[PDB]
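Before any comments, here is the structure.
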Amino acid sequence: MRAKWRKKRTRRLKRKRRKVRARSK
Amino acid sequence: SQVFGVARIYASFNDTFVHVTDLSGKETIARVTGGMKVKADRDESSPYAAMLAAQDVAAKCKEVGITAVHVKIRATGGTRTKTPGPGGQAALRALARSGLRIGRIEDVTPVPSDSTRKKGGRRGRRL
Amino acid sequence: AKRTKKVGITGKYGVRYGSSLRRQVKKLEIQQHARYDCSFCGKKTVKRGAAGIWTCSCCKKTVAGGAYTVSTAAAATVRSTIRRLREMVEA
Amino acid sequence: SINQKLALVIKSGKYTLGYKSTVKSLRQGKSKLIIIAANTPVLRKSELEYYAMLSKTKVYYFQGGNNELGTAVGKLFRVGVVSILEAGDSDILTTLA
Amino acid sequence: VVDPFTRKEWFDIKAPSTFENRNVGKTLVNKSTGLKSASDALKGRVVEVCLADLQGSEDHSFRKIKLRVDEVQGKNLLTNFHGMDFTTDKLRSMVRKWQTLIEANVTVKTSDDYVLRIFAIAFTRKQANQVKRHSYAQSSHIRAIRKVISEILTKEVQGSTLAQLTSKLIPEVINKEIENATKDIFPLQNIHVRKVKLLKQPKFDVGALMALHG
Amino acid sequence: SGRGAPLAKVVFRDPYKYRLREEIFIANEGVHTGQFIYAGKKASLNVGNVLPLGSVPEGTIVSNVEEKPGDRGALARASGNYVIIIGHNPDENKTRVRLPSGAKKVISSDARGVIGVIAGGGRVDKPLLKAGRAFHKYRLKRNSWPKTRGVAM
Amino acid sequence: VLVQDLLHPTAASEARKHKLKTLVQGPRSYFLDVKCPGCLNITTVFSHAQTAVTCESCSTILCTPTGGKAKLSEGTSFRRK
Amino acid sequence: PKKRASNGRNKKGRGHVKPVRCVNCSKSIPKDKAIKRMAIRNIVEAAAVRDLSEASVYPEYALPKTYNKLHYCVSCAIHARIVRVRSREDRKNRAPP
RNA sequence: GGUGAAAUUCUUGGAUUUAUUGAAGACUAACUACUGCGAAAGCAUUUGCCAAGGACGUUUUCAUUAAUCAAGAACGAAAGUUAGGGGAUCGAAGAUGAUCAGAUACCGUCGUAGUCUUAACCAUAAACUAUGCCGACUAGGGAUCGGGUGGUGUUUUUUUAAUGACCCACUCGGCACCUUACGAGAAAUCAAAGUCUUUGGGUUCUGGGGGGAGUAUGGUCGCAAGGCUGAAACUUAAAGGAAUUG
């Protein structure tokens, strides 16, 4: 797949992981 | 040394408008659109509609009192196209044939001195 | 030393009322308790005794000003408009 | 424009800064010229002008406040009016009036 | 079913004295019916028409002049200068690559009520025997010309109403001063007056209008 | 107290007797104690003066404008607010004006109104912050605070 | 090109070149002695202006400054000294 | 330790200039790229020139021209307008005809 | 209206349509170019004020003051965010009518955020000549922007004076270009990517097969969105760059 959309795919999952980790803290 | 008029040919893509008027402007006589004569409605800007209606204009125009007519020429302009439509030439020749004398002509398109965003999107119209 | 990092004058409210509100207030409280310069005596002696009223400490003139500043933006432009609009009638 | 003149004047001939001193100078006859600030008050202005018309001293109105009139004359304090007693190296008498 | 085209009463509008001939406008509006008399209805309207039609000289096809009505005298009325333009195509002919365009204006006053804007224009020619294709202006000389031209625009008006103005306009003797003043500053070419229009209209004033018969 | 716009105590000489009769406008922004205040028909268009609405141009900012001739203040009398005269209707001497809501109005040219904005603009820019401040604001107005919600009772 | 002498070139192919890119660097600025209109005595002046010079005794304008060489006003004779 | 990757190829311009939308299809485009043509034609066609001249009041008449500058988006230029595509050598040449 | 064609749509509770005015924002057309400035990002209407800067001129002065630069710092498109204003066109979302097997996509008709501006933030971009900066030296050729020099040159007034504008020759500093390759290069191409196996003029920064990954974690800046700094296990024989046919 394309790089521009890959970037977005990363980003969305990163700010999911931000909530997932910050549920504990 | 005879009576005059003015035509003002607004010929666009997908419609043609040529409505002769009095020398002042407000006193109109016969509107005649592109879609009046023919009833196909994809041929709104076609030659045969514009030549048909151009005689019809002169019919109602002779019925009051018009001999000569100036022929100012216009387009949609502004943001859009700013280039004359298909049926303008169809009109011009047709009205020049059907009875009337022909006065002076010039361009009167609404040409902007740059203005507003054009309709379509940045990446543009595509198919 | 330099006593606090960011609150400044709004640290009197302390922990409360929400950050965005505190900052929002601070934005004004600086201007409210600013010593402004007089238009007449030309010293840094103008304060306010109630919002709207702006006093000169020496000189002792009192100018009608804004809520939290002496010359609020809208006022500043109004005078200029009037200043300009007087030059069509007279000269 | 005018600052350039006063910079030269303030370090060659001689001058005076204040109000009382200016009045004194004006009384005696030494006053060649006065520079009144724009901000300085109307009563004081008119007063100075009245002396000026009697001593026949040429009157100049500065385009700037008292802070500015200090800035011009190379002084780190305000000065509502500056009266001149001797135009030394410069020639500020006939350049303006 | 109505037939409202023919019931309108016929009419004609004539030009002012300061041109050459009066016979121009032949129009219709409406009959003087119950409410809305056509005498006062048509006053606001104007006619844009070529100068060659009312000058008796076919060389001036460009410049279509605008004329507004005020008085009515038995369906054979007199009219007074409203505005002017050049023809759109003429400007586009004037506008070329490999040269510089210079446009300017000023809100000059006449002797009376009439206050207006007048838009001047100039271009830069391939002077005499240039080898280079363009001959561009300097660009301090563009603004320095704009100043001289502006001055000319100013001092040539504050004169006797539209009477002197229109007179100057018809053969454009304004151009000569613009030419010989600018000649030393920059070669130049064309030099016309694009537009003139009334920011401040007249107030009625029948004395100026009706004292212009043949 | 109970009006964020500060007041302006002005003193004229009565024409018809030797005395100083005092009036009290809502102070327009940029006035100072011992500024002169010119009033009436041929007053200057300087901030503080009270001219009839025919005498001003259009685009003009006034405040405290009367609804009709000689009612002594009516519109734009709040802290910060102001009207904008946006054209004459010189026949049957009215003038068309821009009220601080947005909505328009047609009123006599003989209705006076005072030049400029009103002081204390940007009063409501600050948050009231703590209930106490609100209480303090309201106890100099009336007893419409605090307000219990109907859905509770 | 290829083989030539740069020590002794020609005045033709050197006076054309820039002041800095000659063999020995030298200015293109002679000194001129102007005889003014008023007085009979001379005024020794540098060919390039910088400032607007007036006469020695009877103070009137001699030569105005430009982008390069001095603009000597009116009919006034001069020398190369 | 440390290890990764890539990048690519080239062409020339100037700095930045504002765009002018496509006269046909409303795509945005600068003026170094541009692709422009001068539409310079009479109002009348070759067929219309006689029919008019015959019906013309005024001797000599006029017959002006509709002038306008048309800007394309490269995509649309190849769709119709004179641009097409040239060889390895011919794409260096700048002469029109 | 609107397209490839249809529809949505609005229509004598006069629609689209010409002429006379007004209101609001909008953007500086055409001229506008292998044209101009800025450190870049980026900047085109007039006029004024405020400082600033290049080149040029210079028998002016200063006298190695300098070249680049980890840290640290100003600016930094567009889109975003914060609270006001402004809120016309165009228009993420959205609603829609078509299209099609499906269409929440392309085509249409509207339309909230935005586009504009005030004060704050934000720091990324194919921020592109994906070509560090300073210095020197090497091939020709014209054309052009900005000074400068000279010529009994031409042109323009008041024949003539002065400038300007031209023409010619020349020289400095640029935006660049045309022709060769003298050289360089894997080629494409390059007057610099040259003067480098006959390998060293000064200096900063970055890369060491592809992925995993510009991810994880930890710091740090940010209101947030994100930004800077930045691995590992594990996996794999090619990824790739130019050209060559087909």
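Chain identifiers are assigned as A, B, and so on, following the order in which chains appear in the structure tokens; residues are numbered from 1 within each chain, and ligands are numbered from 1 in order of appearance.
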
Set out as JSON lines a contact list for chain C and chain D with a cut-off of 9 Å, giving each residue of chain C that qualifies its closest atom pair and distance in Å to one decimal, counting only C-alpha atoms, ordered by chain and rising residue number.
```
{"residue": "C:39", "atom": "CA", "partner": "D:39", "partner_atom": "CA", "distance": 7.1}
{"residue": "C:40", "atom": "CA", "partner": "D:39", "partner_atom": "CA", "distance": 5.8}
{"residue": "C:41", "atom": "CA", "partner": "D:40", "partner_atom": "CA", "distance": 7.1}
{"residue": "C:42", "atom": "CA", "partner": "D:66", "partner_atom": "CA", "distance": 6.8}
{"residue": "C:43", "atom": "CA", "partner": "D:67", "partner_atom": "CA", "distance": 8.6}
```

Based on the backbone DSSP call, show me all residues of chain D assigned alpha helix (DSSP H), as a PDB file with N, CA, C and O atoms, in the first residue's frame.
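Contents of the output file states37.pdb:
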```
ATOM      1  N   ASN D   3      15.680  67.199  15.168  1.00  0.00           N
ATOM      2  CA  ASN D   3      16.519  66.582  16.196  1.00  0.00           C
ATOM      3  C   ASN D   3      17.994  66.854  15.932  1.00  0.00           C
ATOM      4  O   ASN D   3      18.739  67.202  16.833  1.00  0.00           O
ATOM      5  N   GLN D   4      18.379  66.626  14.675  1.00  0.00           N
ATOM      6  CA  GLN D   4      19.729  66.859  14.190  1.00  0.00           C
ATOM      7  C   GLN D   4      20.231  68.230  14.627  1.00  0.00           C
ATOM      8  O   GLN D   4      21.380  68.365  15.045  1.00  0.00           O
ATOM      9  N   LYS D   5      19.364  69.232  14.539  1.00  0.00           N
ATOM     10  CA  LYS D   5      19.720  70.581  14.962  1.00  0.00           C
ATOM     11  C   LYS D   5      19.992  70.680  16.464  1.00  0.00           C
ATOM     12  O   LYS D   5      21.025  71.209  16.878  1.00  0.00           O
ATOM     13  N   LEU D   6      19.058  70.170  17.265  1.00  0.00           N
ATOM     14  CA  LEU D   6      19.138  70.288  18.715  1.00  0.00           C
ATOM     15  C   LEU D   6      20.277  69.489  19.327  1.00  0.00           C
ATOM     16  O   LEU D   6      20.847  69.896  20.335  1.00  0.00           O
ATOM     17  N   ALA D   7      20.614  68.365  18.696  1.00  0.00           N
ATOM     18  CA  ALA D   7      21.793  67.587  19.074  1.00  0.00           C
ATOM     19  C   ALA D   7      23.042  68.449  19.003  1.00  0.00           C
ATOM     20  O   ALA D   7      23.877  68.397  19.904  1.00  0.00           O
ATOM     21  N   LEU D   8      23.150  69.238  17.935  1.00  0.00           N
ATOM     22  CA  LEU D   8      24.295  70.114  17.740  1.00  0.00           C
ATOM     23  C   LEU D   8      24.254  71.287  18.717  1.00  0.00           C
ATOM     24  O   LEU D   8      25.267  71.619  19.339  1.00  0.00           O
ATOM     25  N   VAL D   9      23.071  71.885  18.837  1.00  0.00           N
ATOM     26  CA  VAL D   9      22.834  73.021  19.710  1.00  0.00           C
ATOM     27  C   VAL D   9      23.134  72.710  21.171  1.00  0.00           C
ATOM     28  O   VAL D   9      23.735  73.526  21.855  1.00  0.00           O
ATOM     29  N   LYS D  20      10.648  77.205  35.022  1.00  0.00           N
ATOM     30  CA  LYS D  20      11.005  78.381  35.807  1.00  0.00           C
ATOM     31  C   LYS D  20      12.209  79.094  35.187  1.00  0.00           C
ATOM     32  O   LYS D  20      12.221  80.324  35.032  1.00  0.00           O
ATOM     33  N   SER D  21      13.213  78.296  34.833  1.00  0.00           N
ATOM     34  CA  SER D  21      14.426  78.815  34.217  1.00  0.00           C
ATOM     35  C   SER D  21      14.107  79.509  32.902  1.00  0.00           C
ATOM     36  O   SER D  21      14.616  80.600  32.634  1.00  0.00           O
ATOM     37  N   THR D  22      13.230  78.886  32.113  1.00  0.00           N
ATOM     38  CA  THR D  22      12.802  79.459  30.839  1.00  0.00           C
ATOM     39  C   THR D  22      12.123  80.802  31.043  1.00  0.00           C
ATOM     40  O   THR D  22      12.414  81.767  30.333  1.00  0.00           O
ATOM     41  N   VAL D  23      11.263  80.865  32.054  1.00  0.00           N
ATOM     42  CA  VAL D  23      10.566  82.099  32.398  1.00  0.00           C
ATOM     43  C   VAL D  23      11.556  83.194  32.777  1.00  0.00           C
ATOM     44  O   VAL D  23      11.458  84.333  32.323  1.00  0.00           O
ATOM     45  N   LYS D  24      12.551  82.817  33.575  1.00  0.00           N
ATOM     46  CA  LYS D  24      13.613  83.729  33.996  1.00  0.00           C
ATOM     47  C   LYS D  24      14.341  84.312  32.784  1.00  0.00           C
ATOM     48  O   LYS D  24      14.538  85.538  32.673  1.00  0.00           O
ATOM     49  N   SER D  25      14.785  83.408  31.917  1.00  0.00           N
ATOM     50  CA  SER D  25      15.482  83.775  30.698  1.00  0.00           C
ATOM     51  C   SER D  25      14.639  84.739  29.871  1.00  0.00           C
ATOM     52  O   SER D  25      15.154  85.732  29.344  1.00  0.00           O
ATOM     53  N   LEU D  26      13.352  84.455  29.782  1.00  0.00           N
ATOM     54  CA  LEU D  26      12.398  85.213  28.999  1.00  0.00           C
ATOM     55  C   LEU D  26      12.226  86.624  29.551  1.00  0.00           C
ATOM     56  O   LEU D  26      12.109  87.576  28.787  1.00  0.00           O
ATOM     57  N   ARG D  27      12.227  86.732  30.877  1.00  0.00           N
ATOM     58  CA  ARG D  27      12.110  88.021  31.558  1.00  0.00           C
ATOM     59  C   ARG D  27      13.287  88.958  31.258  1.00  0.00           C
ATOM     60  O   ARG D  27      13.098  90.104  30.831  1.00  0.00           O
ATOM     61  N   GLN D  28      14.488  88.439  31.481  1.00  0.00           N
ATOM     62  CA  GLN D  28      15.718  89.197  31.334  1.00  0.00           C
ATOM     63  C   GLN D  28      15.960  89.656  29.886  1.00  0.00           C
ATOM     64  O   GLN D  28      16.331  90.800  29.678  1.00  0.00           O
ATOM     65  N   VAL D  42      -2.318  73.302  28.316  1.00  0.00           N
ATOM     66  CA  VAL D  42      -2.743  74.453  27.538  1.00  0.00           C
ATOM     67  C   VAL D  42      -2.476  75.742  28.295  1.00  0.00           C
ATOM     68  O   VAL D  42      -2.010  76.709  27.709  1.00  0.00           O
ATOM     69  N   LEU D  43      -2.708  75.730  29.601  1.00  0.00           N
ATOM     70  CA  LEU D  43      -2.495  76.901  30.438  1.00  0.00           C
ATOM     71  C   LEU D  43      -1.026  77.325  30.413  1.00  0.00           C
ATOM     72  O   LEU D  43      -0.692  78.505  30.222  1.00  0.00           O
ATOM     73  N   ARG D  44      -0.158  76.342  30.606  1.00  0.00           N
ATOM     74  CA  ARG D  44       1.278  76.587  30.576  1.00  0.00           C
ATOM     75  C   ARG D  44       1.701  77.106  29.202  1.00  0.00           C
ATOM     76  O   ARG D  44       2.477  78.063  29.097  1.00  0.00           O
ATOM     77  N   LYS D  45       1.145  76.502  28.160  1.00  0.00           N
ATOM     78  CA  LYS D  45       1.420  76.916  26.786  1.00  0.00           C
ATOM     79  C   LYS D  45       1.096  78.397  26.565  1.00  0.00           C
ATOM     80  O   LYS D  45       1.960  79.171  26.137  1.00  0.00           O
ATOM     81  N   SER D  46      -0.161  78.752  26.813  1.00  0.00           N
ATOM     82  CA  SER D  46      -0.648  80.114  26.665  1.00  0.00           C
ATOM     83  C   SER D  46       0.187  81.085  27.481  1.00  0.00           C
ATOM     84  O   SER D  46       0.564  82.146  26.993  1.00  0.00           O
ATOM     85  N   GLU D  47       0.470  80.721  28.731  1.00  0.00           N
ATOM     86  CA  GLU D  47       1.362  81.506  29.578  1.00  0.00           C
ATOM     87  C   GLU D  47       2.702  81.792  28.897  1.00  0.00           C
ATOM     88  O   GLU D  47       3.147  82.964  28.840  1.00  0.00           O
ATOM     89  N   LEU D  48       3.338  80.742  28.393  1.00  0.00           N
ATOM     90  CA  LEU D  48       4.634  80.892  27.739  1.00  0.00           C
ATOM     91  C   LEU D  48       4.536  81.793  26.519  1.00  0.00           C
ATOM     92  O   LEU D  48       5.406  82.615  26.314  1.00  0.00           O
ATOM     93  N   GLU D  49       3.445  81.640  25.756  1.00  0.00           N
ATOM     94  CA  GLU D  49       3.190  82.445  24.583  1.00  0.00           C
ATOM     95  C   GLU D  49       3.010  83.922  24.925  1.00  0.00           C
ATOM     96  O   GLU D  49       3.403  84.777  24.154  1.00  0.00           O
ATOM     97  N   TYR D  50       2.405  84.195  26.075  1.00  0.00           N
ATOM     98  CA  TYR D  50       2.179  85.561  26.498  1.00  0.00           C
ATOM     99  C   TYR D  50       3.483  86.297  26.793  1.00  0.00           C
ATOM    100  O   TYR D  50       3.675  87.420  26.340  1.00  0.00           O
ATOM    101  N   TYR D  51       4.372  85.662  27.542  1.00  0.00           N
ATOM    102  CA  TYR D  51       5.712  86.178  27.718  1.00  0.00           C
ATOM    103  C   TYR D  51       6.390  86.353  26.359  1.00  0.00           C
ATOM    104  O   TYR D  51       7.076  87.355  26.142  1.00  0.00           O
ATOM    105  N   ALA D  52       6.229  85.357  25.488  1.00  0.00           N
ATOM    106  CA  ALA D  52       6.904  85.374  24.202  1.00  0.00           C
ATOM    107  C   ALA D  52       6.536  86.597  23.390  1.00  0.00           C
ATOM    108  O   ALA D  52       7.408  87.185  22.764  1.00  0.00           O
ATOM    109  N   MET D  53       5.251  86.972  23.412  1.00  0.00           N
ATOM    110  CA  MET D  53       4.803  88.128  22.652  1.00  0.00           C
ATOM    111  C   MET D  53       5.338  89.443  23.192  1.00  0.00           C
ATOM    112  O   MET D  53       5.492  90.383  22.430  1.00  0.00           O
ATOM    113  N   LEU D  54       5.620  89.492  24.497  1.00  0.00           N
ATOM    114  CA  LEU D  54       6.209  90.670  25.117  1.00  0.00           C
ATOM    115  C   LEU D  54       7.726  90.786  24.898  1.00  0.00           C
ATOM    116  O   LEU D  54       8.208  91.845  24.506  1.00  0.00           O
ATOM    117  N   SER D  55       8.459  89.695  25.133  1.00  0.00           N
ATOM    118  CA  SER D  55       9.900  89.635  24.824  1.00  0.00           C
ATOM    119  C   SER D  55      10.206  89.554  23.318  1.00  0.00           C
ATOM    120  O   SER D  55      11.360  89.732  22.921  1.00  0.00           O
ATOM    121  N   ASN D  66       6.869  65.218  26.021  1.00  0.00           N
ATOM    122  CA  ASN D  66       7.949  65.643  26.903  1.00  0.00           C
ATOM    123  C   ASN D  66       9.040  64.592  26.975  1.00  0.00           C
ATOM    124  O   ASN D  66      10.222  64.949  26.988  1.00  0.00           O
ATOM    125  N   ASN D  67       8.659  63.311  27.003  1.00  0.00           N
ATOM    126  CA  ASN D  67       9.620  62.207  26.891  1.00  0.00           C
ATOM    127  C   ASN D  67      10.435  62.352  25.613  1.00  0.00           C
ATOM    128  O   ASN D  67      11.677  62.211  25.621  1.00  0.00           O
ATOM    129  N   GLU D  68       9.734  62.660  24.522  1.00  0.00           N
ATOM    130  CA  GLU D  68      10.363  62.819  23.214  1.00  0.00           C
ATOM    131  C   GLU D  68      11.288  64.029  23.221  1.00  0.00           C
ATOM    132  O   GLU D  68      12.463  63.942  22.808  1.00  0.00           O
ATOM    133  N   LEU D  69      10.777  65.151  23.722  1.00  0.00           N
ATOM    134  CA  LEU D  69      11.584  66.360  23.819  1.00  0.00           C
ATOM    135  C   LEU D  69      12.837  66.187  24.674  1.00  0.00           C
ATOM    136  O   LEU D  69      13.791  66.919  24.501  1.00  0.00           O
ATOM    137  N   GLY D  70      12.804  65.228  25.606  1.00  0.00           N
ATOM    138  CA  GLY D  70      13.985  64.835  26.355  1.00  0.00           C
ATOM    139  C   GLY D  70      14.924  64.001  25.502  1.00  0.00           C
ATOM    140  O   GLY D  70      16.138  64.179  25.536  1.00  0.00           O
ATOM    141  N   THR D  71      14.333  63.069  24.760  1.00  0.00           N
ATOM    142  CA  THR D  71      15.070  62.174  23.875  1.00  0.00           C
ATOM    143  C   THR D  71      15.889  62.965  22.860  1.00  0.00           C
ATOM    144  O   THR D  71      17.070  62.684  22.637  1.00  0.00           O
ATOM    145  N   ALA D  72      15.235  63.955  22.264  1.00  0.00           N
ATOM    146  CA  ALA D  72      15.843  64.870  21.308  1.00  0.00           C
ATOM    147  C   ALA D  72      17.057  65.590  21.887  1.00  0.00           C
ATOM    148  O   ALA D  72      18.135  65.606  21.276  1.00  0.00           O
TER     149      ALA D  72
END
```

Worksheet item: Residues at most 12 Å from segment 2-10 of chain A, counting only C-alpha atoms (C1' of nucleotides), excluding those fewer than 2 positions away in the same chain, as a list in words?
Response: residues 12, 13, 14, 15, 16 and 17 of chain A; 213, 214 and 215 of chain I

Dump as a PDB file, in the first residue's frame, selection limited to N, CA and C atoms (P, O5', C5', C4', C3', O3' and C1' of nucleotides):
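After the write, again08.pdb holds the following:
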```
ATOM      1  N   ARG A  12      -2.867   6.692  13.704  1.00  0.00           N
ATOM      2  CA  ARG A  12      -4.111   6.300  14.354  1.00  0.00           C
ATOM      3  C   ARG A  12      -3.839   5.234  15.418  1.00  0.00           C
ATOM      4  N   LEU A  13      -2.992   4.256  15.081  1.00  0.00           N
ATOM      5  CA  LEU A  13      -2.667   3.201  16.020  1.00  0.00           C
ATOM      6  C   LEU A  13      -1.779   3.689  17.165  1.00  0.00           C
ATOM      7  N   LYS A  14      -0.915   4.659  16.905  1.00  0.00           N
ATOM      8  CA  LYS A  14      -0.128   5.324  17.932  1.00  0.00           C
ATOM      9  C   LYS A  14      -1.003   6.033  18.957  1.00  0.00           C
ATOM     10  N   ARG A  15      -1.934   6.867  18.486  1.00  0.00           N
ATOM     11  CA  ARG A  15      -2.842   7.537  19.427  1.00  0.00           C
ATOM     12  C   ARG A  15      -3.953   6.646  20.003  1.00  0.00           C
ATOM     13  N   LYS A  16      -4.098   5.427  19.479  1.00  0.00           N
ATOM     14  CA  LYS A  16      -4.816   4.381  20.210  1.00  0.00           C
ATOM     15  C   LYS A  16      -3.970   3.852  21.380  1.00  0.00           C
ATOM     16  N   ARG A  17      -2.724   3.492  21.090  1.00  0.00           N
ATOM     17  CA  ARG A  17      -1.793   3.062  22.103  1.00  0.00           C
ATOM     18  C   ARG A  17      -1.619   4.111  23.185  1.00  0.00           C
TER      19      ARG A  17
ATOM     20  P     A I 213       7.340  -1.832  12.411  1.00  0.00           P
ATOM     21  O5'   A I 213       7.984  -0.763  11.420  1.00  0.00           O
ATOM     22  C5'   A I 213       7.410   0.548  11.263  1.00  0.00           C
ATOM     23  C4'   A I 213       8.498   1.585  11.112  1.00  0.00           C
ATOM     24  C3'   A I 213       9.286   1.524   9.803  1.00  0.00           C
ATOM     25  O3'   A I 213       9.566   2.833   9.326  1.00  0.00           O
ATOM     26  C1'   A I 213      10.778   1.417  11.611  1.00  0.00           C
ATOM     27  P     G I 214       8.598   3.521   8.264  1.00  0.00           P
ATOM     28  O5'   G I 214       9.191   4.999   8.155  1.00  0.00           O
ATOM     29  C5'   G I 214       8.728   6.083   8.992  1.00  0.00           C
ATOM     30  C4'   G I 214       9.266   5.946  10.397  1.00  0.00           C
ATOM     31  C3'   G I 214       9.064   7.147  11.314  1.00  0.00           C
ATOM     32  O3'   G I 214       7.683   7.252  11.701  1.00  0.00           O
ATOM     33  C1'   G I 214      11.256   6.226  11.580  1.00  0.00           C
ATOM     34  P     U I 215       7.206   7.253  13.251  1.00  0.00           P
ATOM     35  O5'   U I 215       7.309   5.714  13.656  1.00  0.00           O
ATOM     36  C5'   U I 215       7.062   5.280  15.007  1.00  0.00           C
ATOM     37  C4'   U I 215       6.560   3.851  15.038  1.00  0.00           C
ATOM     38  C3'   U I 215       6.654   3.175  16.400  1.00  0.00           C
ATOM     39  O3'   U I 215       5.418   3.317  17.093  1.00  0.00           O
ATOM     40  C1'   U I 215       7.859   1.903  14.814  1.00  0.00           C
TER      41        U I 215
END
```

Tell me which protein, DNA and RNA residues are within 8 Å of segment 102-117 of chain F, counting only C-alpha atoms (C1' of nucleotides), leaving out same-chain ones fewer than 2 positions away, and put them as a PDB file with C-alpha atoms, in the first residue's frame.
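The result, stored in selection17.pdb:
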```pdb
ATOM      1  CA  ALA C  75     -12.417  52.505  20.847  1.00  0.00           C
ATOM      2  CA  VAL C  78     -13.731  54.643  16.460  1.00  0.00           C
ATOM      3  CA  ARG C  79     -11.795  57.838  17.151  1.00  0.00           C
TER       4      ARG C  79
ATOM      5  CA  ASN F  28     -18.024  57.722  26.458  1.00  0.00           C
ATOM      6  CA  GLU F  29     -14.603  56.166  26.124  1.00  0.00           C
ATOM      7  CA  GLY F  40     -26.569  70.525  20.351  1.00  0.00           C
ATOM      8  CA  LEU F  45     -17.776  65.863  15.697  1.00  0.00           C
ATOM      9  CA  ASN F  46     -15.298  65.120  18.516  1.00  0.00           C
ATOM     10  CA  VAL F  47     -15.694  62.280  20.988  1.00  0.00           C
ATOM     11  CA  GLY F  48     -17.955  63.314  23.868  1.00  0.00           C
ATOM     12  CA  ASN F  49     -20.291  65.763  22.096  1.00  0.00           C
ATOM     13  CA  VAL F  50     -24.046  65.360  21.727  1.00  0.00           C
ATOM     14  CA  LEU F  51     -25.224  66.205  18.192  1.00  0.00           C
ATOM     15  CA  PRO F  52     -28.534  65.668  16.463  1.00  0.00           C
ATOM     16  CA  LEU F  53     -28.532  62.731  14.024  1.00  0.00           C
ATOM     17  CA  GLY F  54     -29.152  64.891  10.931  1.00  0.00           C
ATOM     18  CA  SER F  55     -25.964  66.856  11.631  1.00  0.00           C
ATOM     19  CA  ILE F  61     -20.487  56.084  15.697  1.00  0.00           C
ATOM     20  CA  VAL F  62     -22.724  57.534  18.447  1.00  0.00           C
ATOM     21  CA  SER F  63     -24.143  56.087  21.658  1.00  0.00           C
ATOM     22  CA  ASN F  64     -26.866  56.826  24.192  1.00  0.00           C
ATOM     23  CA  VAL F  65     -29.069  57.730  21.227  1.00  0.00           C
ATOM     24  CA  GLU F  66     -32.680  58.720  21.942  1.00  0.00           C
ATOM     25  CA  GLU F  67     -35.568  56.719  20.443  1.00  0.00           C
ATOM     26  CA  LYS F  68     -37.392  59.932  19.509  1.00  0.00           C
ATOM     27  CA  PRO F  69     -36.909  63.681  20.103  1.00  0.00           C
ATOM     28  CA  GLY F  70     -36.029  64.602  23.711  1.00  0.00           C
ATOM     29  CA  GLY F  73     -31.077  58.491  26.517  1.00  0.00           C
ATOM     30  CA  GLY F  80     -19.007  48.933  25.384  1.00  0.00           C
ATOM     31  CA  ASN F  81     -22.018  49.073  23.035  1.00  0.00           C
ATOM     32  CA  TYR F  82     -22.648  51.706  20.396  1.00  0.00           C
ATOM     33  CA  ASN F  93     -36.260  63.871   8.536  1.00  0.00           C
ATOM     34  CA  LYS F  94     -35.484  60.334   9.718  1.00  0.00           C
ATOM     35  CA  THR F  95     -32.109  58.501   9.783  1.00  0.00           C
ATOM     36  CA  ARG F  96     -31.365  54.730   9.495  1.00  0.00           C
ATOM     37  CA  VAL F  97     -29.203  53.328  12.284  1.00  0.00           C
ATOM     38  CA  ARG F  98     -27.414  50.141  13.340  1.00  0.00           C
ATOM     39  CA  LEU F  99     -28.341  49.000  16.881  1.00  0.00           C
ATOM     40  CA  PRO F 100     -25.988  46.735  18.886  1.00  0.00           C
ATOM     41  CA  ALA F 119     -16.547  52.911  28.288  1.00  0.00           C
TER      42      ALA F 119
END
```

Discussion item. Within 8 Å of chain F, which residues belong to chain C? Use only C-alpha atoms and report them as a PyMOL selection string.
Written reply: chain C and resi 17+21+24-25+28+51-53+61-68+71-72+75+78-79+81-83+85-86

Discussion item. I need the contact residues of chain I against chain H, so if you could list those with any atom within 8 Å, counting only C-alpha atoms (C1' of nucleotides), and return them as a count of residues only, that would help.
Written reply: 7

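Between atom CA of residue 41 of chain B and atom CA of residue 8 of chain B the interatomic distance comes to 23.0 Å.
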
Fill in: Residue contacts of residue 65 of chain H (9 Å, only C-alpha atoms (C1' of nucleotides)) excluding same-chain residues fewer than 5 positions away, as a PyMOL selection string
(chain B and resi 106-107) or (chain E and resi 89-90+93) or (chain H and resi 40-44)
